[PDB]
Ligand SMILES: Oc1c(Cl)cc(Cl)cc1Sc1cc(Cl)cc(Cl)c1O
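Form solved without the ligand, single chain, as structure tokens, below.
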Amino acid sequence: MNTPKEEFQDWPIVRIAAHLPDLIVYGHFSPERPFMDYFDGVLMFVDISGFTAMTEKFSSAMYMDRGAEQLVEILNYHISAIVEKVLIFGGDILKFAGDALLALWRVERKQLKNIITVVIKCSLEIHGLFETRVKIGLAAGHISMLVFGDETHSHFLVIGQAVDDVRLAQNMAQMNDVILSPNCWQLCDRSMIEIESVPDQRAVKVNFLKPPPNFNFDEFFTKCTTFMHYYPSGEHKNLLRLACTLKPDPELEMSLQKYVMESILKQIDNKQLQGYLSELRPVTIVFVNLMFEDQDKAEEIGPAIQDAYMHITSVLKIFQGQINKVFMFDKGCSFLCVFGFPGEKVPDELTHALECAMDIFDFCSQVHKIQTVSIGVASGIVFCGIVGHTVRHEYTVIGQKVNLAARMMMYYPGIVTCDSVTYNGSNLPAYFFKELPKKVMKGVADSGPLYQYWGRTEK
């Protein structure tokens, strides 16, 4: 009696799970919104802006109309390597957002110390990939999770001091650096490492991982796997993710698909070509920032984000805008919204982005606990595609206009701002805008004139 090999692990549910972290895939939580949960862990933030900066290189005519294809190929080659390191070291890639990868090692509190060592080693091996670059911030401590959305769509955020800390840490780093948050440094095993102080900060820089003379990392890591719920093991020790082993389960797939864009699900269902979403396309970015007095307290900010989300989604529906990403910044929550800019009725479409931005601004400004709303609007060619590893990847939009809208919302807080392409293209009367002072914006290559969208009336 024969014993044929299994092969089939390519079900729709498995394909969907590539686009999500274990936090969600194995989360099994209520479908009430907002939903909040609380745990501890170690966070890694890998700035890959040095890679995403290649949108400019691949815009050249030299690439003969295959710039998007070449860009996705070379990005996925390098990012895949980073992903594999994270996954092999036991981490959960949470999101590809803000030209960074955010990863989590969720553990009980007593194990933070040893898991930090695992994460430092991982960080150093990541840098080791690109010798002949990236910046890494590490944090540890209390983490909160927020899931928000409606009956068809779901999003999540992780929130809290450790989340604030991990982006602050990475922001202090130079290329090739690993920076620890103050709490990470307080919680770590100091015998493992040599650090130096970072001027005007309580964060530290890892100079070396130099363990004690009898230390054996492989045996240490094996001990640490006791605390890693989903580390692939036994029969499945050859897999990068346990999620590769998911079987059909209609209830679970119904819940997981809500996190994934419909055009992605179309590809997953083999109803559109696998390369259709890798493209340089003209869009309008509407980047919405919501600031809160207490950005670490899920209990306060979670209802506000849910209420904002319900309104945002309703306004986007009217114009098939999409939410590409939601992620945290230092004082609040950012929504990266995307509109088609096909240019079949240029004044009409850019007018719509602007009107949607103002609607969102007006509504979110009256949501309890939202202290400041800021919206940046930029229009132009952007790279779109599914970026990451076969087993862990996400649809992403990258480019100078994404970065411009992001910076506008931070350097011109409390208002709706637009670039020159958007202003000019709208054909709206000029008195609906205000020409703004020029600001030198970190990371922005000469913005052109910027404008406030003042709106229809003098007021």
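Sequential numbering from 1, following the sequence displayed. C-alpha atoms forming the largest set that superposes within 1.5 Å between two forms make up the rigid core. Only residues modelled in both forms are compared.
> At least a third of the other compared entries lacking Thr132?
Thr132: unmodelled in a third or more of the comparison entries.
> Mind giving me a quick count class for deposited residues absent from the model between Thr132 and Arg133? Options are none, 1 to 3, 4 to 9, 10 or more.
The entry has a gap there, with 4 to 9 residues left out between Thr132 and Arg133.
> Quick one: say whether 37 to 45 or 427 to 435 has the higher mean Cα B-factor in the deposited entry.
According to the entry, 427 to 435 carries the higher average C-alpha B-factor.
> For the stretches 364 to 372 and 139 to 147, which has the higher mean C-alpha B-factor as given in the deposited record?
Going by the record's values, the stretch with the higher mean is 364 to 372.
> For the CA B factor values reported in this entry, which option in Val86, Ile193, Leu75, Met228 has the top one?
That would be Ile193, according to the entry.
> Which one of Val198, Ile116, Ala81, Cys224 shows the biggest C-alpha B-factor in the PDB entry?
Result of the comparison over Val198, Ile116, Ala81, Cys224: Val198.
> Within this chain's modelled residues, let me know which third the CA B factor of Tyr411 belongs to: lowest, middle or highest.
Its C-alpha B-factor, which the entry lists for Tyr411, ranks in the highest third among residues of this chain.
> Rank-wise, by C-alpha B-factor, drop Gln320 into the lowest, middle or highest third of its chain.
Highest third - that is where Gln320 ends up once the chain's C-alpha B-factors are sorted.
> Against its chain's modelled residues, does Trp105's Cα B factor rank lowest, middle or highest third?
Within its chain, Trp105 is a lowest-third residue by C-alpha B-factor, going by the deposited values.
> Against its chain's modelled residues, does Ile13's Cα B factor rank lowest, middle or highest third?
Lowest third - that is where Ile13 ends up once the chain's C-alpha B-factors are sorted.
> Looking at the C-alpha B-factor of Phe208, is it in the lowest, middle or highest third of its chain?
It belongs to the highest third of the chain when residues are ordered by C-alpha B-factor.
FYI, the form solved in complex with the ligand isn't displayed, but the following is about it.
> Would the ligand, positioned as it is in the bound PDB entry and superimposed via the C-alphas around its site, fit into this form without 3 or more of its atoms falling within 2.4 Å of the backbone or C-beta atoms? Open or blocked?
Transferred pose: blocked.
> When the contact criterion is heavy atoms within 4.5 Å, does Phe96 count as touching the ligand in the bound PDB entry?
Yes, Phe96 is a contact residue.
> Flag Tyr423 as yes or no: does it have a non-hydrogen atom within 4.5 angstroms of any non-hydrogen atom of the ligand in the bound PDB entry?
No.
> Can you tell me if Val166 lies within 4.5 angstroms of the ligand in the bound PDB entry, counting non-hydrogen atoms only?
Close contact exists here: in the bound PDB entry, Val166 approaches the ligand to within 4.5 Å, heavy atoms only.
> With heavy atoms only and a cut-off of 4.5 Å, decide whether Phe327 touches the ligand in the bound PDB entry.
Answer yes; at least one heavy atom of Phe327 falls within 4.5 Å of the ligand in the bound PDB entry.
> Just one of 118 to 126, 303 to 311, 99 to 107, 364 to 372 has residues with a heavy atom within 4.5 Å of the ligand in the bound PDB entry, so point it out.
Selected range: 99 to 107.
> Going by heavy atom distances of 4.5 angstroms or less, which of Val83, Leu157, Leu350, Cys356 would be at the interface with the ligand in the bound PDB entry?
If I apply the 4.5 Å criterion carefully, the residue I get is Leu157.
> Hey, which residues along 30 to 53 are within 4.5 angstroms of the ligand in the bound PDB entry, non-hydrogen atoms only?
Stretch hits: a single one, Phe45.
> Pick from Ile48, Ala406, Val416, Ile398: whose Cα moves by 2 Å or more between the shown form and the other one, rigid core superposed?
Single residue meeting the criterion: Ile48.
> After the core is overlaid between the shown form and the other one, has the C-alpha of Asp99 moved by 2 angstroms or more?
After core superposition, the displacement of the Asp99 C-alpha between the shown form and the other one reaches the 2 Å mark, so yes.
> Given a change of 3 Å or more, say if the Cα atoms of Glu279 and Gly98 sit closer or farther in the bound PDB entry than in this form.
It is closer: in the bound PDB entry, the C-alpha atoms of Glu279 and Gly98 lie at least 3 Å nearer than they do here.
> I want to verify one pair: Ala53 and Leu101. Are their C-alpha atoms nearer or more distant in the bound PDB entry compared with the form I supplied, knowing the change is 3 Å or more?
Those two alpha carbons end up farther apart in the bound PDB entry.
> Do any runs of 3 or more residues shift their CA by 2 Å or more between the shown form and the other one on a core fit, and if so, which ones, in sequence order?
48 to 53, 97 to 99, 343 to 347 are the stretches that shift between the shown form and the other one.
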